[PDB]
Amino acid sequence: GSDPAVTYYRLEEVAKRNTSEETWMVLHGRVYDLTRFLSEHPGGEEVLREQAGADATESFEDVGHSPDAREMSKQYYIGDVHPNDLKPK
């Protein structure tokens, strides 16, 4: 069941956005446009460039971001990963 209020992106569409002109990334089943965040990230640009257009959930959690960082991610949230591209829990 897709949610009328949410815009969904297939991982194929996220994979296209892997350039400095447009960088998207998936974190926990949600899509973030970090294009403008790249030069402001306190963890630097490179870690984000390397996984541009991809699901970087594991790296994000391995680093262990703070509640403050998670709060900050909300400003870049743009949609949910299409139901079909979500993995079983």
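Sequential numbering from 1, following the sequence displayed.
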item	value
Stretch with the higher entry mean CA B-factor, where the candidates are 52-60 and 36-44	36-44
Third assignment of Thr19 from its chain's C-alpha B-factors	middle
Chain-wide C-alpha B factor ranking for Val81, given as lowest, middle or highest third	lowest
Assigned third (lowest, middle, highest) for the C-alpha B factor of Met25	lowest
